[PDB]
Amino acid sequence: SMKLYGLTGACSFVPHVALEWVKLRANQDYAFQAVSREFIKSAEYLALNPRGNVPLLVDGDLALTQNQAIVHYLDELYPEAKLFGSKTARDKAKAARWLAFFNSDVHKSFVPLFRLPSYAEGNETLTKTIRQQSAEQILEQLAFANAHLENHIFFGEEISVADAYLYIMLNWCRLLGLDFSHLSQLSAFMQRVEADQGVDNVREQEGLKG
């Protein structure tokens, strides 16, 4: 049985949702191990993942990192679970495109809001500037996602791992006090994602409600 190491509420939410969909749709249970930021820098965890971060999926002798690799792997093993919102190559790729945008381009913009560059620490003006630029970048990227939702209810034909990724980044925005109320589709999107049983179960497990 596979095991996922994750930080609750972090990007590892997405493979956690994927695993729960596999559970609900393909009848395969899995283990979730919530980790602390202290544990992931521990000698024990570093021996499994020298990069000292999450997600990490363990499936027997396979220790697999990277959000996109994990979910593409699960999709290959369990095509019937429709992790990318469809079974057809074209539609899966379109959802994979959104996942990749979120994971490679958007998540990136958040990094300075979670961990300030070393050169900025103690510099009030530079710190403010870096945080401002991150906020502006995020809002510009969210506007692009929001525009898509003007004509589509999800980032797949049905709900997909891309939707889970945007959802969690919007939860980060709420926690950081980065408002997105001007992007008119995002609130309803969050409600639709929250209505999915797999998402609901994971939000419960990771302590994300309320």
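Note that residue numbering follows the sequence shown and begins at 1.
- Higher average CA B factor: 46-54, of the stretches 46-54 and 146-154.
- Averaged over CA atoms, B-factors in the entry run higher in 83-91 than in the other of 83-91 and 96-104.
- The PDB entry assigns the greatest CA B-factor among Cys173, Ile40, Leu166, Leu64 to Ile40.
- Among all modelled residues in this chain, the alpha-carbon of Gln33 has a temperature factor (C-alpha) in the middle third.
- The PDB entry assigns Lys3 a C-alpha temperature factor belonging to the middle third of its chain's modelled residues.
- Sorting the modelled residues of the chain by their CA temperature factor places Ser118 in the highest third.
- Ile130: CA B factor in the middle third of modelled residues in this chain (values from the PDB entry).
- Remark: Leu74 belongs to the middle third of its chain, ranked by C-alpha B-factor as recorded.
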